[PDB]
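Below, each chain spelled out in residue letters.
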Amino acid sequence: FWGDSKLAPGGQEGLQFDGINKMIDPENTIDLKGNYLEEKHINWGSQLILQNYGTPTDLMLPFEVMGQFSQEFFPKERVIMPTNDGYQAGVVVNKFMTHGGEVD
Amino acid sequence: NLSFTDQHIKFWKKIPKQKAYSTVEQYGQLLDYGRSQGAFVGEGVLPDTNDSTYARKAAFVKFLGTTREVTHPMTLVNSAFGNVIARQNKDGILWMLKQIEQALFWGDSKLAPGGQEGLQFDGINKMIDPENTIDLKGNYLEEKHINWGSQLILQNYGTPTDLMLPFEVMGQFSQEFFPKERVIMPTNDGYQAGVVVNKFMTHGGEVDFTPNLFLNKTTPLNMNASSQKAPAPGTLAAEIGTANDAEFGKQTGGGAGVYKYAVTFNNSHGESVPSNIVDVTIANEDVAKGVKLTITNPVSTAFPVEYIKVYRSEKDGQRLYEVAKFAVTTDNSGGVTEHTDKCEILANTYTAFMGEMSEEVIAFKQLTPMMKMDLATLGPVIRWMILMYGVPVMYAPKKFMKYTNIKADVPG
Amino acid sequence: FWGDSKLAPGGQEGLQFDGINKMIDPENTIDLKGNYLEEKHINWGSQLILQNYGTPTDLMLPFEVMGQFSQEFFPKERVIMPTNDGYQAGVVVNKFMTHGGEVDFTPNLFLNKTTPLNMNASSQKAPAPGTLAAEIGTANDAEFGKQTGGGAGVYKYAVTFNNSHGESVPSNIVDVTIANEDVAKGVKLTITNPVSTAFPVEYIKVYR
Amino acid sequence: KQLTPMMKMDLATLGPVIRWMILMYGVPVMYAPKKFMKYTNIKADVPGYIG
Amino acid sequence: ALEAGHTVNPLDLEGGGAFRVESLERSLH
C-alpha cells in the first residue's frame, strides 16, 4: 500500500517497490476535505472508473470507514407493530449496486 | 488494451439498416385525412367534399474514410504481438465505428460557406421537430419529466420504447431513489445497498433505459489544434446586442454576471486553436438582449474555414464550454461573420433522447457497408483505406423528443 | 362528445344530435374551479351516481388528466433494503375503488381541452365576421370569484359566426376590466350580425 | 340507435370525374339522464412549467 | 471526373447526375 522507490539521496532509485498509492493516476483522486464518506461518493468513484473503460469490482477500505458508512442507514429502520421480545439493531452494508456494476 | 472495445458501441448496432441505390433517396408521407368542416348534412342533401394532404421528402448520402500505412521493412522483422496489418485494420475499424456512433448524434449537414450543403449528415439532434423539446433550465432530471416526454410522444400517435442518456445523468437519476430505502427491524448480517433503475412505466407505454458511454455533455475548450490541416486562428469581438428574446434570465438567481467568449475555426480536417478571450458584462436589464459576436477570418490561412464553434463560460466562471455552432458567410481572407447569442444552450449541461425505435420511424440507408480498398505503390510503403457511404433517415420527426440543459454532478 | 341539437336560429331543431355533454342532467355536475383531480372527487362522482339507483363502471378522461393523476403516487414508492440487480419504476393507476364498486379508467385521445382560437376560417362556405361590444353586466350570480386568485383581472373576448358548413373569422378583440366588487356581476355581450354575409349564420361561439 | 350502417353511394357522371359519398344515419339515446355525471374546470398540464 | 451529386430537380441535373434514376420507397408512411 505505502511503497516508494525514489527515497535515495537526490531522488535516485531506492530499495523499496512502488505501492498502490503511487501508481494510481493523479487525476483519479477525490478529496473529501476531512469529511465523511457518503452514499453518493461510491457512484462518483464508479463513474471515475467507468469513464476510463473499466468495470469496478472491489472497494478496499479500512474498518473505521466501513463502520462510519452505517450512519446514514440508521433513520431508515422500520419495525412492524406485533413486536416480539427483544430486537436486533444495526445495519452493516457489504455490497453496493452502482450504475457501473456491483462492488464488494 | 487500455482503450474501448466493441461492446461500448450501442446506437450503431441497434438502428435498422436498409440498402440504398442512389445518392438521393425519396419517400412519401401522409399528413391528413381531411380538413375539419362539419359532417352533418340533412335529409336528401348533397354533402361537401374533402381532400387529403401528402408530401414527398428526400435524403442525401454522405461518405466517410480513413487511411493506414505500413512500411516495407516493418513487415519483414519479427513482431511480438502478431501480424501488423491485421492490427492496423482492427484499429481503423474501431476508430471508424466510434466516429459513426458520435456522428449519428451530433451531425449537421448545413455547415458550409454560405449555408450550402456540407460534408456531414444530419444527426438525431437536428432531425427532431423543434416542438418536442423540454428545457430543464439547469435542473436535475426527475420522474415527472419521463411522463412529460411520454405524453409528448403519445399525443402524436407514437409509442415510447427507449430512452438514451449519458452515464452521469443515469447515476444522478438513480441517486434520487436513495431516501426511499427501508430496513426491517430484525436486521441480518450484511445487506446490499444502492438502487439502480433500468425500466420505467408511463401512462403511454413502457420505457427502457440505455446508458451510452459516447453521449456526453457540452464539449470543454481545448487549447491544442486537433489536426495540422486545421485552419488558422482569427479574432473575436463581443458586445451587447439589440435583440429582445434572449433567455439569459432563465437561470437560477437571474442572468446578470460576467461571461467569457471564444471561437474556433473548423473544416473537414479538424479544429483550430482558440481565439482571444473576451469578457462581457451583462447588467440586470440586459438579460433580454443578446450578445453580438463579430468574427474575422484569418488572413493567411493554409486551409479554408467552413464553420465556427462558439464557446461560453458559466456565470461568473473560468472554464469555457461549447454552446453554439454555425457556418461562415464567406471563406475569403479577412471575412466578417456576425452572430447574436440568445443563451439557447447553457454551459456545462447534458442532453438526452427518447423516442420510438422502430424501422417505421427511423432507419439507416447504406450505399455500401464498411469495406477496404488498396492503393497504388508510390514507394516502399504499403497503403490502404477504409470507407462507408450512407445516411440516416427519420420518417416521423414528432415521434421523438429530447431533454436539454440537464444538470448532473456525478463525476464531481 | 360535443353534439348539440339546438343550434338553429331561434333555438329550434338543428342538424346535429345531442352528445354526452348535453344529455347529462345539469344537476349532475361537479365543478373543480381550476384545480387538480384528487382522489376524493372520484368518490364524489360515485356517490352522485349512486344516489340515483345506479352503478358507476367506467370513467372517460383525457391522457393529460390521467398522467397528472398518476403523477401524485410517485412519492409513495418504497424499496426494501435487500436490493436486487435493477428495478422498474413508475406507477400507473388503471382503476379505482369507491364505496359503490370499482371504476375503470379509459383514457381517450380525442377528448381534448377547450379549443384555442383560430385566426382562419375552417371552410369557404362559412359565414362572414361581425362585430362585438362588451361591458360589465348587471347580474348577481356570476361565478368569476371561484378562482384561486379571485375574479379581479383583465379578460379578452372574441366571437365567431357559424353555420353547418364551417367556422368564420374571429371578430374584434375587446378588453374588459373586472374589479373585486364586480365578480358577482357578469359580462353583457352585444353581438351584431354581418352586413353582407354570403352564407347563412346559425350560432355563435364565445372565446375568452 | 342506427338506422343504417356506414355505406357508399355513387353519384352521376356529370363529367370526367368519379364521385361517391359515404353516409351513416343514427342517433344516441340516453334512457337514464341522472345515471351519469361530468367533471368541469379540471386543471392539468403534463408538459408543465419548470421555473 | 464523373460525379454523382445531390441534385433533386430533374431539370438541373448535369454531368454524372443525368445518369441517375429515381429511387422511391414503395411504402407510404
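Residues numbered from 1 in each chain as written, not as in the entry; some residues may be left out. Chains lettered and ligands numbered in written order. Part of a larger assembly, values for the part shown. Heavy atoms only, no water.

Its PDB header names cryo-EM as the technique used to obtain the model and reports a resolution of 3.0 Å.

Chemist: I keep staring at the overall build of chain A and nothing clicks. Help me out?
Modeler: Within chain A, the regular secondary structure consists of 3 helices and 3 strands. Ordered by position in the sequence, the α and β elements of chain A form the string α-α-α-β-β-β. Here the C-alpha radius of gyration of chain A, 20 Å, is well above what a compact globule of 104 residues would show, namely 13 Å. The burial tally for chain A puts 28% of its 104 residues in the buried class. Residue pairs in contact within chain A that sit at least 24 positions apart in sequence constitute 43% of those at least 6 positions apart. For chain A, the computed accessible surface area is about 7600 Å², with 57% contributed by carbon and sulfur atoms. (Helix = DSSP H or I, 4+ residues; strand = E, 2+ residues; numbered from the N terminus. Rg over C-alpha atoms; globule rule 2.2 N^0.38 Å. Buried < 20%, exposed > 50% of the residue type's maximum accessible area, 1.4 Å probe, protein only. Contact = heavy atoms within 4.5 Å. Areas by Shrake-Rupley, 256 points an atom, 1.4 Å probe, with all protein chains shown as cover.)

Chemist: Would you mind showing me how to read the interface of chain E and chain B here?
Modeler: When the parts come together, some accessible area is lost, and that loss is often what is quoted as the size of the interface. Each partner contributes residues to the interface: chain E has 14 residues there, and chain B has 18 residues. With both sides pooled, the region where chain E packs onto chain B buries about 1400 Å², and carbon together with sulfur makes up 56% of that total. On the chain E side of the interface with chain B, the three residues burying the most area are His-6, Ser-23 and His-29 of chain E, jointly 47% of the side's total. Inspection of the region where chain E meets chain B yields 0 salt bridges. (Buried area = accessible area lost by both parts, 1.4 Å probe. Salt bridge = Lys/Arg side-chain N within 4 Å of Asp/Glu carboxyl O.)

Chemist: Sorry if this is basic, but what is going on with the nonpolar core here?
Modeler: Burial of nonpolar side chains together is a common tendency in soluble globular proteins. Residues and elements named next belong to chain B. Core analysis: the biggest nonpolar cluster contains 31 residues, and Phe-200, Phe-209, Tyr-403 and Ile-406 have the highest contact counts within it. Apart from residues no more than four positions distant in its own chain, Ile-406 is found in contact with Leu-136, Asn-139, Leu-141, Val-169, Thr-349, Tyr-350, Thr-351 and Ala-352. Within the second largest apolar cluster, 27 residues are counted, among which are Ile-100, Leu-104, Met-357 and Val-391. (Core = buried A, V, L, I, M, F, W, Y, C linked by side-chain atoms within 4.5 Å.)

Chemist: What is the right way to read the sheet that holds strand β7 (residues 181–184) of chain B from this model?
Modeler: Strands belonging to one sheet form pairs held by backbone hydrogen bonds; the direction of such a pair is parallel or antiparallel. An order of β1(A)-β7(B)-β3(C) is seen for the 3 strands of this open sheet, with the pairing classed as parallel. Of all the strands in the sheet, the pair left with one neighbour each is β1 (77–78) of chain A together with β3 (79–80) of chain C. Pairing geometry for β7 of chain B and β3 of chain C, over 2 bridges, is parallel. Bridging across to β3 of chain C, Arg-182 of chain B finds its partner in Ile-80 of chain C. (Pairing = 2+ DSSP bridges.)

Chemist: Is there a simple way to explain the interface of chain A and chain B in this structure?
Modeler: Contacts between the two partners involve 27 residues from chain A and, on the opposite side, 32 residues from chain B. Summing both sides of the interface, chain A and chain B together bury roughly 2800 Å²; the carbon and sulfur share of this comes to 62%. Put simply, chain A and chain B have 1 salt bridge between them. Across the salt bridge formed by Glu-181 of chain B and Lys-76 of chain A, the nearest N and O atoms sit 3.9 Å from each other. Linking chain A to chain B there are 11 residue pairs in polar contact. Sorting elements by how many residues they give to the side of chain A that touches chain B places strand β2 (residues 93–98) of chain A first, with 6 residues. Here the side of chain A that touches chain B is built from residues that sort into 12 nonpolar, 8 polar and 7 charged. Pairing analysis gives 3 bridges linking β2 of chain A to strand β8 (residues 191–193) of chain B, with the strands arranged parallel. (Polar contact = N/O pair within 3.5 Å; in protein donor to acceptor, adjacent residues only side chain to side chain. Nonpolar A, V, L, I, M, F, W, Y, C, P; charged D, E, K, R; others polar.)

Chemist: Please clarify how the environment of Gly-107 of chain B should be interpreted in this entry.
Modeler: All names here are of chain B. In this fold, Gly-107 is placed in the loop between α2 (84–106) and α3 (124–127). Owing to a relative accessible area of 5%, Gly-107 belongs among the buried residues under this scheme. Among all residues touching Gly-107, those that are not within four sequence positions of it are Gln-120, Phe-121, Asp-122, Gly-123 and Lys-126.

Chemist: Mind showing me how you'd approach the environment of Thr-71 of chain B here?
Modeler: Residue and element names in this part refer to chain B. The topology assignment puts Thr-71 in strand β4 (residues 62–71). Owing to a relative accessible area of 39%, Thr-71 belongs among the partly exposed residues under this scheme. It is 47 Å that separates the C-alpha atoms of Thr-71 and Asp-409, two residues lying 338 residues apart in sequence. Within polar-contact distance, the side chain of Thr-71 engages the backbone nitrogen of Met-74 at 3.5 Å.

Chemist: Sorry if this is basic, but what is going on with the packing of aromatic side chains here?
Modeler: For any two aromatic rings, the description comes down to two numbers: the centre-to-centre distance and the angle of the planes. For the structure shown, the criterion picks out 19 aromatic pairs over all chains. Consider the rings of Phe-69 of chain A and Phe-73 of chain A, whose centres lie 5.9 Å apart with planes at 45°: the pair is tilted. Judged by centre distance (5.8 Å) and plane angle (50°), the rings of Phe-69 of chain C and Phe-73 of chain C are tilted. Here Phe-69 of chain C matches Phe-73 of chain C in class, with each residue buried. Ring pairing ties together the aromatic residues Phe-69, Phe-73 and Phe-96 of chain A together with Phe-178 of chain B, which thus form one cluster. Over the face of the ring belonging to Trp-12 of chain B we find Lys-17 of chain B, whose NZ or CZ atom lies 4.0 Å from the ring centre. A cation over a ring is seen here: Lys-76 of chain C above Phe-73 of chain C, with NZ or CZ 5.6 Å from the ring centre. (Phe/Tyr/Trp six-rings, centres within 6.5 Å; stacked < 30°, edge-to-face > 60°. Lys NZ or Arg CZ within 6 Å of the ring centre and 35° of its normal.)

Chemist: Sorry, what's going on with the packing of helix α4 (residues 143–154) of chain B against helix α3 (residues 63–71) of chain C here?
Modeler: For any two helices packed against each other, one specifies the crossing angle of their axes together with the interaxial distance. Packing of α4 of chain B against α3 of chain C leaves a shortest axis separation of 11 Å and a crossing angle of 165°. As judged from the angle between their axes, α4 of chain B and α3 of chain C are roughly antiparallel. Handedness of the crossing formed by α4 of chain B with α3 of chain C: right-handed. Of the residues in α3 of chain C, those in contact with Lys-144, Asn-147, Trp-148, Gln-151 and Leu-154 of chain B of α4 of chain B are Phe-63, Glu-64, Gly-67 and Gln-71 of chain C. (Axes fitted to C-alpha atoms, helices over the stretch in contact; angles between N-to-C directions. Parallel < 35°, antiparallel > 145°, perpendicular 65-115°, else oblique. Left-handed = near helix turned anticlockwise from the far one by under 90°.)

Chemist: How should unusual backbone geometry be read in this particular structure?
Modeler: Negative phi values dominate among residues other than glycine, just as trans dominates among peptide bonds. Positioned with a positive phi, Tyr-157 of chain B is a non-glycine residue whose angle comes to about 60°. Structurally, the position occupied by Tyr-157 of chain B is in the loop between α4 and β6 (162–166). With a phi close to 60°, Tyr-53 of chain C is a non-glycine residue in the positive phi region. Structurally, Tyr-53 of chain C is set in the loop between α2 (40–50) and β2 (58–61).

Chemist: I would appreciate a short explanation of the pattern of salt bridges in the present structure.
Modeler: Opposite charge on two side chains makes pairing possible when the charged atoms of those side chains draw close. All names here are of chain B. Per the counting criterion, the structure on display carries 34 salt bridges over all chains. A salt bridge links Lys-126 to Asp-108; its shortest N-O distance comes to 2.9 Å. Here the residue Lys-126 occupies a position in helix α3, and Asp-108 occupies one in the loop between α2 and α3, the gap between them amounting to 18 residues. Judged by its relative accessible area of 43%, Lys-126 is partly exposed. The exposure class assigned to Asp-108 is buried, which follows from its relative accessible area of 6%.

Chemist: I keep staring at the side chain of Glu-39 of chain A and nothing clicks. Help me out?
Modeler: The residue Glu-39 of chain A is located in the loop between α1 (20–23) and α2 (40–50) in this model. In this structure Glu-39 of chain A touches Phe-69, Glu-72, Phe-73, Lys-76 and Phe-96 of chain A together with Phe-178, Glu-181, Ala-193 and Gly-194 of chain B, once residues within four positions along its chain are discounted.

Chemist: Explain α2 of chain A to me, please; I cannot follow it from the model alone.
Modeler: Because the α-helix completes a turn every 3.6 residues, residues three or four places apart line up on one side. Where burial is concerned, most of α2 of chain A is hidden: 8 out of the 11 residues are buried. Buried residues of α2 of chain A: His-41, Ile-42, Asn-43, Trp-44, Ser-46, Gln-47, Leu-48 and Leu-50 of chain A, and no others. Elements in contact with the buried residues of α2 of chain A: β2 of chain A together with α5 (167–175) of chain B.

Chemist: Would you mind going over the sheet that holds strand β16 (residues 320–327) of chain B with me for this structure?
Modeler: All names here are of chain B. Pairing in this open sheet of 4 strands is antiparallel, and the strands run β13-β12-β15-β16 from one edge to the other. What marks the edges here is a single partner per strand, and that holds for β13 (278–282) and β16. Adjacent strand axes in the sheet meet at a mean angle of 30° when their direction is disregarded. Pairing of strand β12 (residues 257–266) with β13 involves 5 bridges; the strand directions are antiparallel. Considered in β13, the bridge of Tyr-259 is made with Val-280.

Chemist: When you look at the pairing of β7 of chain B in this model, what are you seeing that I'm missing?
Modeler: Residues in a regular strand project their side chains so that they alternate between the two faces of the sheet. In this structure, β1 of chain A lies alongside β7 of chain B, joined through 2 bridges in parallel fashion. Across the sheet, residue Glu-77 of chain A finds its bridge partner in β7 of chain B, namely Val-183 of chain B.

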